[PDB]
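In: the data below comprise the sequence and an experimental structure of the protein.
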2 protein chains.
Amino acid sequence: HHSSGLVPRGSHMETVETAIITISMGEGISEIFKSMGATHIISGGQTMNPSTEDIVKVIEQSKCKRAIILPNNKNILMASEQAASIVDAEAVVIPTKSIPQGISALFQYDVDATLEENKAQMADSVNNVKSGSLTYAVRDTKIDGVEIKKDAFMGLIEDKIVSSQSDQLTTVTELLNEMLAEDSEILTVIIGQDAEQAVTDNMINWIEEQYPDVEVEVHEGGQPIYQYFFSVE
Amino acid sequence: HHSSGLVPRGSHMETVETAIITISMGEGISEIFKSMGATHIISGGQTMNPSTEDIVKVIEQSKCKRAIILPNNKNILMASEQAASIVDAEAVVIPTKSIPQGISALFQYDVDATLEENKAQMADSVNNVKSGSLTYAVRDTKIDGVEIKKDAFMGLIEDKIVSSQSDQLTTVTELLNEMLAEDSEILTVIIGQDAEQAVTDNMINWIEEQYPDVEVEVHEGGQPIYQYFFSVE
């Protein structure tokens, strides 16, 4: 859903030496991505995905010498790779396949690090960090062939539905029961606008009991739609 | 729950050259295990787990020359290893940690194979096959700290709760959504006494859509309590 007239392509065009280009799915993630180091946000989930030439134009207009591209959607990986090949800039693609995966990869971005150091750390995150999210059904919906009734909570791992229940705590603890293992070391939790403090507190207490060795790192995100983003190292 | 008087220790004492010793959790699995090659079933989930000497006695009374022990419970692994060390027989432990894992390991047992060939294949199954089950809450219950209301269906992977819902199809398809991956090759389904044919048919149709490359191998089990056992190779 967008407003009538010309739909913005993405964020304000800044001039930068190293462009950190992230695709949003049009659900209110831009603040978070900019906070984490993104320089250019491209709006995704329009009818047409961002094209090869859409990404080339962001890279060229930014006047960057180097770029890191996070498609955050498996459908946008080809356009990103094609763009990276075309441009004069030294451009690399971190092959993130979801918004939570993009968040996890941006934890590893360091503005002081070299392009190659950032590439290696962010690419490792896609392979070795488990990303997921908690949301809810604003209307009856189908994910992965599973029918979810309006108002149900939904636990997702890498955007696949794994749990759903009318009860939020039950949904999120089942989600985390699969995301966490006895050898997990760090769980990052990013709290959305609609999260309930009593759920968050009960969830943390559950983690501490069931997975007593995991470090729980909580941050405020303020995102709509997703009560939590989770990342397990 | 057992009947008054002396509670049976396990199945009929047979004399065999190679004993295949499996622990039941006292929920109606003996038929299935015997079908699959078990020679001796020890009853588990009494107050006290089977002891080292309980297992030694089964091995000694069977007059076996060789034995394979499947504890099917992490609490019984030490007794099994201690027994295997004590007996004259050449005894090996396959370190199964649940009943579904024991089932998966028994798929690999071949009465014509050597002890070492069976050991290797069955041990590989514990490491490389994903086992799980679908059940339901006969009363309000807590698994892994998660409260489940009476009548809810429950999806388990390696005995950890991952999904639960009043709707059976939703629960089992969410379970399978996590058990199956794009590169899964074979799903074995063992149908319990209480399974519903309409659920089974809808579940199979869902698998075929979402995971079109997986081979689905269905067998009748007839077990109580677990509508399905699942094994993913």
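Out: Looks like it came in fine. Numbering: from 1, shown residues only, chains lettered A, B, ... in the order given.
In: the host helix or strand of residue A:104 packs against which elements?
Out: Following DSSP states H and E, the helix or strand that holds residue A:104 is helix A:99-107. Contact here means 3 or more Cβ pairs under 8 Å, 6 or more residues apart in numbering or on different chains; DSSP states H and E; on that basis helix A:99-107 packs against strand A:18-24, helix A:30-35, strand A:66-70, helix A:115-128, strand A:130-136, strand A:186-191, strand A:228-232. Any C-beta I mention is one placed from the backbone N, CA and C, and that applies to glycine too.
In: spatially speaking, which residue is in the middle of chain A?
Out: Central residue of chain A (Cα atoms, centre = their mean): residue A:99, 2.3 Å from the mean position.
In: how far away is that residue from residue A:119?
Out: 20 Å (Cβ to Cβ, to the nearest Å).
In: the inter-axis angle of the helix holding residue A:104 versus strand A:18-24?
Out: In this structure, helix A:99-107 runs at an angle of 160 degrees to strand A:18-24, with axes from the mean of the first three to the mean of the last three Cα atoms, to 10 degrees as the basis.
In: just the CA trace of helix A:99-107, in CSV.
Out: Once side chains and other backbone atoms are set aside, the C-alpha atoms of helix A:99-107 remain, and they are given as CSV (Å, rounded to 0.1, in the frame of the first residue of the first chain):
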residue,chain,number,x,y,z
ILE,A,99,15.0,-8.2,6.2
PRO,A,100,16.0,-10.0,9.5
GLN,A,101,19.0,-11.4,7.6
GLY,A,102,19.9,-7.9,6.5
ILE,A,103,19.7,-6.6,10.0
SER,A,104,22.0,-9.4,11.2
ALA,A,105,24.5,-8.7,8.4
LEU,A,106,24.5,-4.9,9.3
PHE,A,107,25.5,-5.8,12.9
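In: correct me, but residue A:106 touches residue A:35?
Out: No: contact criterion Cβ atoms under 8 Å: residue A:106 and residue A:35 do not qualify, at 9.1 Å.
In: ok, these two, which is more surrounded?
Out: Higher neighbour count among residue A:106 and residue A:35: residue A:106, with 22 against 12, using other Cβ atoms under 10 Å in any protein chain shown.
In: which residues does that one contact?
Out: Neighbouring residues of residue A:106 by Cβ atoms under 8 Å, 6 or more residues apart in numbering or on different chains: A:22, A:33, A:36-38, A:70, A:122.
In: give me the buried positions along stretch A:62-82.
Out: A:62, A:64, A:66-73, A:76-77, A:79-81 (16 or more other Cβ atoms under 10 Å in any protein chain shown).
In: close to chain B: what parts of chain A are there?
Out: With Cβ under 8 Å from any Cβ of the partner chain as the criterion, chain A comes near chain B at residues A:144-148, A:157, A:160-165, A:170, A:173-174, A:177-178, A:206, A:209-210.
In: distance check, residue A:11 against chain B.
Out: Residue A:11 sits 33 Å away from chain B, going by Cβ to the nearest Cβ, to the nearest Å.
In: hang on, I meant residue A:108
Out: Summarising the geometry, the distance separating residue A:108 from chain B, computed by Cβ to the nearest Cβ, is 25 Å.
In: in contact with the nearest residue to that residue once chain neighbours are set aside, which residues?
Out: The spatial neighbour of residue A:108 that comes closest, neighbours along the chain excluded (Cβ to Cβ, 6 or more residues apart in numbering or on different chains), is residue A:121 at 4.0 Å. Taking Cβ under 8 Å, 6+ apart as the definition of contact, the neighbours of residue A:121 are A:108-110, A:113.
In: separate out the buried members of the residues you listed.
Out: Neighbour-count burial within these applies to A:108-109; the criterion is 16+ other Cβ under 10 Å.
In: so residue A:144 makes contact with residue B:178?
Out: No: between residue A:144 and residue B:178 there is no contact under Cβ under 8 Å: 10.3 Å.
In: quickly list what's touching both of the two.
Out: Taking Cβ under 8 Å, 6+ apart as the contact criterion, the common neighbours of residue A:144 and residue B:178 are residue A:160.
In: those two - which one has more neighbours?
Out: Set side by side, residue A:144 and residue B:178 show unequal neighbour counts under other Cβ under 10 Å, the larger going to residue B:178 at 20 against 16.
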